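Below, in structure tokens: the form deposited without this ligand, a single chain.
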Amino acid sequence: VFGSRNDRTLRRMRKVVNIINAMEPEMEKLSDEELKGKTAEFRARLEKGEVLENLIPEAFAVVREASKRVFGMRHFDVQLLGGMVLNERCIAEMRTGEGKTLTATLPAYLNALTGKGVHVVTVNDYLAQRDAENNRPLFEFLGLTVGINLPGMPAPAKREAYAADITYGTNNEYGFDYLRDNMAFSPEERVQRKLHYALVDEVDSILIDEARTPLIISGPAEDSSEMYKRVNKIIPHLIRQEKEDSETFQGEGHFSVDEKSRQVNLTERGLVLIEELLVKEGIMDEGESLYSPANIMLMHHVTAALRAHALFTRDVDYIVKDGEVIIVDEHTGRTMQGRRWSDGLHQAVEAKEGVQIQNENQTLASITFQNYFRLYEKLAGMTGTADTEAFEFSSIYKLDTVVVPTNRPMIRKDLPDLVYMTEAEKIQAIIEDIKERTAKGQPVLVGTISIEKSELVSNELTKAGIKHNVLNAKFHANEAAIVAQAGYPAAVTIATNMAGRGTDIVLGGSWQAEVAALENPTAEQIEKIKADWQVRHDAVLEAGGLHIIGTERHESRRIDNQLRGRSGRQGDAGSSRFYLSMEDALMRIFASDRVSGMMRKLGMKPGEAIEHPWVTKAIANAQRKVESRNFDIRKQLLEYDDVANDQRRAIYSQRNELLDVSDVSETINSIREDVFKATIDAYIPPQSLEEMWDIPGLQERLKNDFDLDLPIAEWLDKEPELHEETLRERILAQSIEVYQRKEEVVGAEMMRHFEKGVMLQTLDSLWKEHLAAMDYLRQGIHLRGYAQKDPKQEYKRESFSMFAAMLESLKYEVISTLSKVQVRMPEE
């Protein structure tokens, strides 16, 4: 892209808009089938040597033309600007009323021409299926295909929707689909296509709030994981006092009077008790430490058995009857038979006693939305008039913030904040502001964020004698009835914490809702009501438009601005008036209410409008400061997230390669020699002495993990010229020979499929571990981050070592399993 962002971008887009407007009269001379022909033409031109960004003038013109024949609505110039910006990797701010559907249709058609697939992200399935079928007669009219992806849709149908030019779906399913696709065994099992372009309807929520939302799939294999019972089996060999089993201890702990430390904690700062668990039996007995990133998984498993012994006492902390585990509450004497402590805690208990061990419930597959949308090349979306955290768009997703002009001039009179001392003053001032407008015939919308104030203002309004209708969310039918005339002259509507966007309240009321209340609305009736409605609309205009009143403001300006943007629909008339008291909790956001107390000496004067604009500016400053503090926190959290993100991306790339390719002999053989070398180097050091070689250890390992019986002691005994290198190669050669011999019995193509599957399976198996391991270290690093060292940097270091170790273990078991397989080999 070229041209100064924002400033120059605005006029740059205008240059194209002019061309589109000039070519419009020409498009009106083109037949319906010609518009369709242009769409196909662009497809050909794109492969010929045409730039997508250069097709905008013609493409947008076709869309504008087609829309006039399909919907009869011409895409406004302001919409052309926004739709054009949505072709890049930027976020466009759209005012309430401009027309999101009439804007998002432009970038969709343009990017759809590439045939890569336009991924439209919706907040819910309602809008997803709504716009999908609504815009269908438009896109399909030009030849493009519209596909809808609903959560839970079968793979066959998904493939049809994903193979379409434009795909409508929810962010939730979008992420899950990606997970299922990447966790496939065969490339034909895929459901996705390409992450070329993504257009999200509301970034305010999906990109901001849902940024740190991880799609955790808890899909266990069930069965019976009796493997855990073999771990806890080593505990009864110890005594709770010394040698591993000890409730905290730390030398003393407490007196001999039921010293069961049920506060968990756990420590073992002696480093002499843990020495009893390590070594012997098998696994974690080779010489590995339990306080290493390459053994964090077992660390969180062995401690589970410990915190299931003296931590959870039988019959008091929990009760198991007939295999049914029920938690016993000692606080109020309650029994929880439908609950179980996660983090593998319940599993340790079920593995301690004669209970059937389950398959737990942890992260089988997970991905964060932020780490998902960041994979898309062209990531664009629409945002509301909220701003605030909008600055984080460039830091979280690296998107540029662009504002789109309104269709009509916004005549929303924004008034300053009138801060009073007591709530009585604040409320009374509101009543007065409303009462004065009740005589002028101006509709008043009270945005109470607190239910306590909603009833308070309602009682006060009744006291003064002012008509009012409260939007009780418990009665949607009531709300719809009020909203229909919420813009009616002198109509006081009270809203208790309204969600974003909201219904498009038309000034004067809604004749549609009026004619819909009649049995048979004839042409005469409709025209009559429209005539009356017209007068009602003009009346509100002379009154001052829709008057918004805010009793209390919100910390995050995102919601604050959302309420302010309720008026002036598509550039209409309105007035915003906010109030505040020294009793409201909002005065605590200024670091300390003691500071805000300086405003108590402003005079106030209940009944006199002090009108001080600097007050609003002060509040707005603090409002953005609150989120600035949150931003620092979000950044700190994302710091750890990106670490797992890169590792995930890396391992997913390798898994994808092995997924797409059919043959994997190259990889298998290349890692085969490496695995053997590493295993040999562990018993036989390079360029050492004969008496420095552990022949028995290597032989046993070969006859254990590689299923290869080789008498190395006999080989070197008769062949002294074997030296070392030749000896290593001999073992490898013999392995390859027997390997091929096993292969011939199973089948060449079959073995290749087997190896491919085993690689993916082993990778996935370790991936499940790594997912939990990352978490174990994520929280455990808090006790590892000492002074004179950054806890994030050290974490990344340990995480890198963990990943490396995982890779080594991957190649190890992959080659081992491929050899461990007991194939029925006949006498050759």
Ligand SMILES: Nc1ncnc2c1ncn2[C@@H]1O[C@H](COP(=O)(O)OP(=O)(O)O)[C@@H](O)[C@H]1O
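In this text, residue numbers run from 1 along the sequence as written.
One more form of this protein should be noted, the form solved in complex with this ligand, which is absent from this view; the next part is about it.
Student: Only one of 664 to 672, 175 to 183, 460 to 468, 72 to 80 has heavy atoms within 4.5 Å of this ligand in the bound PDB entry; I'd like to know which.
Tutor: That would be stretch 72 to 80.
Student: Evaluate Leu102 for contact with this ligand in the bound PDB entry, applying a 4.5 angstroms cut-off between non-hydrogen atoms, and reply yes or no.
Tutor: Yes, contact at 4.5 Å.
Student: Whether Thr96 contacts this ligand in the bound PDB entry should be assessed with a 4.5 Å heavy atom distance threshold; does it?
Tutor: Contact with this ligand, yes.
Student: Can any non-hydrogen atom of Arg501 be found within 4.5 angstroms of this ligand in the bound PDB entry?
Tutor: Yes, contact at 4.5 Å.
Student: Using a 4.5 Å cut-off on heavy atoms, what residues in 125 to 142 are near this ligand in the bound PDB entry?
Tutor: Not one residue comes within 4.5 Å of the partner.
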